[PDB]
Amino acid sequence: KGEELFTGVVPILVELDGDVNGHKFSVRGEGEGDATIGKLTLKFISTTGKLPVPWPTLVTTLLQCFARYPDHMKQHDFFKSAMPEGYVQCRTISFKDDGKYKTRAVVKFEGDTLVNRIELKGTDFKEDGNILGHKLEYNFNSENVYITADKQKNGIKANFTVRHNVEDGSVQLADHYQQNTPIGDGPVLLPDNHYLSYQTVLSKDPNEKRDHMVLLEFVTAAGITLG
């Protein structure tokens, strides 16, 4: 039933309120998702001027319900099974030798629009580090998100590390710990161990005057054998 909401193109609204070492910012995003081919296309705008953190550090925070689950894996798709009532997604993102983000997001349908409303709190960052110092390249290295069930919490957990290119040729690690729990009371699909494979492209809108990020994602579930 949840999966039936994703058979066509779904409009998306994203709202992020952020606070890193006390520096506040807001991001508003819009676009669409097409889970049949695992495709997300989104444009995010800062409504508070130039961001105090690099856009690439916000990519993972700013809709895994649009992953393409192969037919033989569709009974492992927690994200769509929680819909339309939605799920809460929480992460701790620890930047190696730097600070951490803690995020809480409510992902659910409002009518025909899939809405992702997020609060982000960043702490312990270095004023001259790679993040507050804006030393990260505007690109993204996309790998696999490993997913496991958490039966006790009736949800899932995920773990992965983002490797952010630094302008000096080094790499800034971002360790992600993720938890998702459904908002509704009804049973949801809980998966065997598997992963989501990402292809992520960041770009710019040449006609956009505000600080912004254009995001294209292709996401495919894998790791359970078609046989």
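One-based numbering along the sequence shown.
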property	result
Where residue 62 meets residue 63 in the shown sequence, the number of deposited residues left unmodelled	1 to 3
Selected stretch [higher average CA B-factor]: 67-75 or 147-155	147-155
Between the two ranges 158-166 and 53-61, the one averaging a larger CA B factor in the entry	158-166
Options 83, 105, 131, 114 - largest CA temperature factor per the record	131
Criterion, highest CA B-factor; candidates, 101, 125, 109, 87	125
Third assignment of residue 31 from its chain's C-alpha B-factors	middle
CA B-factor placement of residue 46, once the chain's modelled residues are sorted into thirds	middle
Residue 199, C-alpha B-factor rank within chain (lowest, middle or highest third)	middle
Chain-wide C-alpha B factor ranking for residue 171, given as lowest, middle or highest third	highest
For residue 12, the third of its chain into which the C-alpha B factor falls	lowest
